[PDB]
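Okay, structure first, notes after.
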Protein chains: 2
Amino acid sequence: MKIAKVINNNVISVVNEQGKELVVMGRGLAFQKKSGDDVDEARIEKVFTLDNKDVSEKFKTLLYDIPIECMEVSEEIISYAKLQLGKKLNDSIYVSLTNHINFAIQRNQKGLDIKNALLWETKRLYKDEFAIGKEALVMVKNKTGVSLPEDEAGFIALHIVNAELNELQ
Amino acid sequence: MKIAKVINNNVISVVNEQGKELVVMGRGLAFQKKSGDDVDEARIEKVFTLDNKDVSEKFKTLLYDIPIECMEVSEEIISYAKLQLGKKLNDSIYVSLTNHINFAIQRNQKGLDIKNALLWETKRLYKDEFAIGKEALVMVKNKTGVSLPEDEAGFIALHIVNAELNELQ
């Protein structure tokens, strides 16, 4: 990607090929470089990505209202899953668990649980991915303490199967 | 949220409680205003949120890969679903469908088919959420041409129920 705009020597503005402007803070990113030049990845300290407030209505509350701690947790949870599967999983699961863990905490406080009505079938039909979900759950309860029931783990397994881009082992 | 850092009159830097530094651009955001003061909502024209090269492993590819068109579509999908349900669904579904749609396109192109073997149970067990999922899918396929089968739609329904705040109506 290339630098399109320059705010200062350290902070530059990039337009990704995916049509998204990024603001990258680095140290001397515009120094000894030019606009239209490919963004140096060594001097990158911090990156900022564009929220287009007109289009990104609800998208805003993800990047605003999700605790960074929960973010790390979810990233590491699915990194665990990705480590076990070997496949670069669909990005959808990562963001779903950040809100889902936070909502699970609230659900736990409410004294309510959700049920997976497909669980009896799911447990048998999807053994490995459910097991990885269980292992992930172990990681969840050991890192945060949040314990989700098998139903909820089943929903995670459903997201895992949607996250698996082609079974090939 | 507060304006903590100021690069110029139109571009400011917020430090959110969720440990997120934000670069918000808007005409006169720092104009007359002060550090520690709240970002003027009417002067918010463009927002940028922090992406960390170390922390955001997968979280990075979300905000990089997602096209603005697909974002609009997904916001509209959930808008349809949210209008039908009258429930402000969990934030996960919005971002999950942007990736799910892009990955579904890729899935369709690669010739990856995933038949939901749970769908046959889902028919009776998940009537409304799946029906609305289908209606939303109709909307997607008419607007974009991107057509998914009942199986994939069923998986979308699983995402919907994970984003559902239960039947609290």
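Distance between the 7 Å Cα→Cβ label points at residue A:61 and residue A:127: 4.1 nm.
On a per residue basis, the convex hull of the C-alpha atoms belonging to segment B:25-89 measures out at 158 Å³.
Shape annotation for segment A:4-58: C-alpha extents along the principal axes are 38, 19, 17 Å, from largest to smallest.
Computing FRET efficiency as 1/(1 + (r/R0)^6) for residue A:69 and residue A:4, where r is the C-beta to C-beta distance and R0 is 35 Å, gives about 0.55. Residue A:168 label point (Cα plus 7 Å toward Cβ) to equivalent points in the other copies: 4.4 nm, shortest first.
Mean per-residue shielding of peptide B:86-94 is 6, counting Cβ atoms of other chains within 10 Å of each Cβ.
For segment B:127-169, the set of trypsin sites (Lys or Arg not before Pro) satisfying both a DSSP loop assignment and a count of at most 16 other C-beta atoms within 10 Å is given as B:127. Among the GluC sites (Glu not before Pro) within segment A:5-82, those in coil by DSSP and having at most 10 neighbouring Cβ atoms inside 10 Å are A:17, A:41. Loop-located trypsin sites (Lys or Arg not before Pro) in segment A:1-57 (DSSP state other than H, G, I, E, B) with a sparse environment of at most 15 neighbouring Cβ atoms within 10 Å: A:27, A:34. Can you figure out the FRET efficiency of residue B:165 with residue A:151, using R₀ = 22 Å and their beta-carbon distance, to the nearest 0.05? Efficiency, from the Cβ-Cβ distance: 0.85. Beyond 28 Å in Cα-Cα separation lie the following of the pairs A:134/B:60; A:20/A:115; A:87/B:87; A:2/B:46; A:53/A:141; A:87/B:53: A:20/A:115; A:87/B:87; A:53/A:141. The same position residue A:121 in the other copies lies at 0.6 nm from this copy, comparing label points 7 Å beyond Cα toward the beta-carbon, shortest first. Averaging Cα coordinates gives a centre for segment A:4-25 and one for segment A:142-169; these two points are 36 Å apart. Inter-chain neighbour count for A:22-31: the average number of beta-carbon atoms from partner chains within 10 Å of each residue's beta-carbon is 2. Considering only Cα atoms, the convex hull volume of segment B:1-120 works out to 164 Å³ per residue. Over all other residues within a Cβ to Cβ distance under 9 Å of residue B:27, the charged ones net out to 0, with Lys and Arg as +1 and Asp and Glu as -1.
Calculated mean residue ellipticity at 222 nm for chain B: -15500 deg cm²/dmol, from DSSP H runs with n ≥ 4 weighted as -39500 (n - 2.57), summed, divided by the residue count and rounded to 500. Between this copy and the others, label points of residue A:44 are 2.7 nm apart in ascending order, each placed 7 angstrom from Cα in the Cβ direction. When +1 charges are put on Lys and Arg Cβ atoms and -1 charges on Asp and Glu Cβ atoms, the dipole computed for segment A:30-148 relative to its Cα centre reaches about 500 debye. Could you tell me what % of all Cα pairs in the protein assembly as shown have separations over 38 Å? Counting every Cα pair in the protein assembly as shown, those more than 38 Å apart make up 18 percent.
Shape class for segment A:75-151, computed from the alpha carbon gyration tensor (a ≥ b ≥ c): oblate, with a/c not under 1.5 and a/b at or below b/c. Relative to the dominant Cα principal axis of chain A, helix A:127-143 is inclined by about 70°.
Take each residue in B:95-108, count the other chain C-beta atoms within 10 Å of its C-beta, and the mean is 4. The relative contact order of chain A comes to 16 percent, based on Cα pairs under 8 Å that sit 6 or more residues apart. Ordering B:66, B:55, B:81 by the projection of their Cα atoms onto the charge dipole of segment B:44-84, which places +1 on the Cβ of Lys and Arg and -1 on the Cβ of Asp and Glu, puts B:55 at the extreme positive end.
Since every read-out is calculated from the coordinates, none of them should be taken as a lab result. Note that we place each Cβ from the backbone using ideal geometry, even for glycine, and neighbour counts take in every protein chain shown.
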